[PDB]
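Because only heavy atoms are used, hydrogens play no part in the values below, and waters and symmetry mates are left out as well, while side chains stay in. Numbers restart at 1 for each chain; the letters A, B, ... are given by sequence-line order, proteins then strands.
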Amino acid sequence: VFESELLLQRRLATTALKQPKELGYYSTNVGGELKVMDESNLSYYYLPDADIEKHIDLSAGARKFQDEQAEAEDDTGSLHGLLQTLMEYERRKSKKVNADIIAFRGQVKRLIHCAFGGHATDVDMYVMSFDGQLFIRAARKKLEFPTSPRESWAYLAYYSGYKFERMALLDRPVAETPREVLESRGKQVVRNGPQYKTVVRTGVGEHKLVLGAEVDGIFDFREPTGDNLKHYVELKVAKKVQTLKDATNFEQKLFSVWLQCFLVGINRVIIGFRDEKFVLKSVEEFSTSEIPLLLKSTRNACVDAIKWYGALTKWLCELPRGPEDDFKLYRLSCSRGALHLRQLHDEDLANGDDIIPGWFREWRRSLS
RNA sequence: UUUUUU
Ligand SMILES: [Mn+2]
Ligand SMILES: [Mn+2]
Ligand SMILES: [Mn+2]
C-alpha cells in the first residue's frame with residue numbers, strides 16, 4: 001500500500017515521450033477466435049465525396065443491427081490476446097520485452113482523462129506485479145451497453161459509431177474490392193464482433209509501456225514487412241459544429257481522440273460530421289500531432305496531460321516489483337480528486353488466469 | 001462504439 005494515493009493535479013516537469021514502436025498485432029472475434037500476428041481484421045479507409053453526396057444516414061439499419069459484442073459472453077478486459085502476441089514477439093528475441101507496464105491503451109487513456117474531465121468511475125482496474133513488471137486490466141468483464149430502445153438517442157449514438165465504420169471502411173484495398181461491394185455499403189449489415197489490434201512499445205518519462213490498442217483501419221497503404229503505426233487511422237463521429245456549445249463539445253472530442261491516438265503513435269484521424277438527424281454532412285482529416293496546436297487556438301491541455309501521464313506512470317511504477325512481489329494484487333481507482341491503489345487478498349484472482357494466465361507465467365520462467 | 005465541465 002506504500003504510495004496509496006496520487007492527487008489529480010500532480011504533474012511531472014518532464015514532457016519526454018518515447019517514439020512508439022509496433023511490436024505485433026492480432027485479429028480477434030467473439031467466440032474466442034484469436035489470431036496472433038494476423039491482419040485479417042485490419043480494414044482500409046475509403047469514403048469518396050460521391051458517397052457523401054448521397055446523404056448517408058448513420059441511423060439506418062439500427063433495428064437490424066447484430067450487436068455481437070453485446071450478445072457475447074466474454075471477458076472484455078482480458079489481457080489474453082495481448083499477452084499471447086507479446087509472448088510470440090519475445091519468443092523471437094528469446095527475451096522478455098523491456099517495459100514497466102503492460103496494458104490496453106483504453107485503460108491508460110481513462111487514467112489520463114480522469115484528471116481532465118473524465119469520469120472517476122471509469123477508472124476501475126487491477127494491477128498485478130510479475131517478473132519486474134505491472135499488468136493492468138479493466139476489472140469489468142463486460143462493457144456497459146445501452147439498454148434503451150433502438151430509436152433512442154442513446155442507442156443511435158452508440159450504433160452510429162459502428163455504422164460510420166461500415167460506410168467508411170473496406171475489408172481490402174479499394175482496387176481489390178468488388179464494385180457491388182463499393183456501391184452497396186448502405187445495405188450491408190453492421191457488425192462489431194471482428195477486431196484488429198496493434199501491440200506497441202512506448203514511453204513517457206523514464207518509463208516504458210507495452211500497450212494493446214484496437215485499430216480502425218489503414219489510411220493509405222500497409223507495409224507487410226514494416227511498422228504500420230504511421231499508416232493507421234482513427235475514425236470518429238461528431239456533431240457538426242454550429243454553436244458555441246457545439247464547439248466546446250468538439251474541442252473535448254478532439255482532446256480525447258488525441259489522447260486515444262498519441263498514446264500509440266497513430267497519426268491519422270478522420271472525423272465524420274453529422275447533423276441532429278444522424279445524417280453525415282462531411283468528413284475532415286486531422287493529424288494527431290497537429291491537435292495540440294489546434295487546441296492552443298481555442299489551452300495548454302495537451303502538455304498538462306503529458307505531465308499528468310508521466311506522474312501517474314512513475315507513481316504506478318513505485319509499486320514493489322522484485323522477485324518476492326510476484327502475484328501481489330491491487331485495485332486501482334479514482335475518487336475524491338485522487339487516484340487510489342489498494343492491495344488485495346483474493347487468492348482466486350491472483351492464482352487464476354483472470355490477469356496473468358499460467359501459460360504466460362510458465363513462459364516467463366522458461367526465460368530466467 | 002457511446003457518454004464524460006475538463
Ligand atoms: Mn475493425
Ligand atoms: Mn476503434
Ligand atoms: Mn474510431
Side-chain angles (χ1 to χ4, degrees), chain A residues 7-9 11 28-30 41 43 58-59 61-62 65-72 74 76-77 104-107 109-124 138 140 142-169 189-197 213-217 233-239 244-261 269-272 274 276 278 280 291-292 295-296 298-309 334-335 337:
Chain A
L7 292 175
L8 300 175
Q9 53 270 114
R11 293 291 178 274
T28 57
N29 196 10
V30 305
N41 300 334
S43 307
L58 300 174
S59 70
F65 171 60
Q66 276 267 47
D67 197 337
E68 305 169 59
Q69 293 290 339
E71 288 174 355
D74 54 353
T76 195
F104 281 112
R105 185 268 316 273
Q107 292 308 110
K109 195 270 213 189
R110 281 147 160 254
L111 287 171
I112 298 169
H113 202 177
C114 82
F116 300 88
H119 287 136
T121 57
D122 279 1
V123 173
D124 171 35
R140 277 183 271 301
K142 46 210 127 41
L143 289 192
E144 274 69 70
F145 303 101
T147 46
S148 35
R150 301 202 169 189
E151 66 277 351
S152 70
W153 180 80
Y155 199 94
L156 292 177
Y158 170 72
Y159 167 77
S160 62
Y162 295 118
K163 178 55 173 186
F164 180 63
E165 289 186 13
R166 175 60 72 146
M167 301 302 289
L169 298 171
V189 177
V190 174
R191 294 177 63 193
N192 68 355
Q195 292 186 338
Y196 170 90
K197 313 218 171 206
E214 190 266 0
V215 170
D216 294 350
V233 61
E234 173 62 36
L235 267 56
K236 214 59 94 172
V237 177
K239 191 191 163 173
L244 183 53
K245 269 40 62 34
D246 292 343
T248 302
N249 261 310
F250 181 62
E251 287 159 34
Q252 285 322 308
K253 291 206 185 154
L254 270 184
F255 167 76
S256 182
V257 67
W258 176 80
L259 284 182
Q260 191 175 355
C261 296
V269 177
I270 277 151
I271 310 198
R274 59 167 181 78
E276 305 82 356
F278 287 79
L280 180 68
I291 290 163
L295 293 180
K296 203 147 90 55
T298 72
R299 307 165 60 181
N300 213 3
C302 292
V303 170
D304 292 325
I306 284 160
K307 297 189 187 211
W308 169 236
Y309 181 30
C334 188
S335 50

Indicate, with a heavy-atom threshold strictly under 4.0 Å, whether [X] touches base, sugar-phosphate, or nothing.
X	answer
A/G161	sugar-phosphate
A/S160	nothing
A/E234	sugar-phosphate
A/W308	nothing
A/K109	base
A/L156	nothing
A/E165	sugar-phosphate

Just verifying a value: how many Å separate A/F255 CZ and A/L295 CG, rounded to the nearest 0.5 Å? 8.0 Å
Reported CG-to-CD1 distance for the pair A/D304 and A/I112, which is rounded to 0.5 angstrom: 12.0 Å
Atom pair distance, as rounded to whole Å: [atom1] in [X] and [atom2] in [N]:
X	N	atom1	atom2	value
A/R191	B/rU1	CZ	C1'	15 Å
A/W258	B/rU6	CH2	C1'	14 Å
A/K253	B/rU1	NZ	P	11 Å
A/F250	B/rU5	CZ	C1'	18 Å
A/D122	B/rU5	CG	P	10 Å
A/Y162	B/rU2	OH	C1'	8 Å
A/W153	B/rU1	CH2	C1'	12 Å
A/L143	B/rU1	CG	P	12 Å

Indicate whether OP1 or OP2 belonging to [N] is found under 4.0 Å from a side-chain N or O atom of [X].
X	N	result
A/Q260	B/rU1	yes
A/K236	B/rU1	yes
A/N249	B/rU6	no

Under 3.5 Å: donor-acceptor pair, side chain of A/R110, backbone of A/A138: no
Using atom types as modelled and distance alone, determine if a side-chain donor or acceptor of A/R150 lies under 3.5 Å from a backbone N or O of A/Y155. no
Starting at the 5' end of RNA chain B, which residue's closest nucleotide do you reach first, A/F255 or A/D216? A/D216
So which one's nearest nucleotide on RNA chain B is more toward 5', A/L235 or A/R299? A/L235
Measure from the side chain of A/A157, starting at C-beta and using heavy atoms only, and say which of B/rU2, B/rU6, B/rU4 lies closest. B/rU2
Out of B/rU4, B/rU6, B/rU1, which has the shortest distance to the side chain of A/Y158? B/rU1
Kindly indicate whether the side chain of A/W153, heavy atoms from C-beta on, has any atom under 4.5 Å from the side chain of A/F278. yes
Using 30° and 60° as the class limits, which term best fits the ring planes of A/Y162 and A/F65: parallel, tilted or perpendicular? parallel
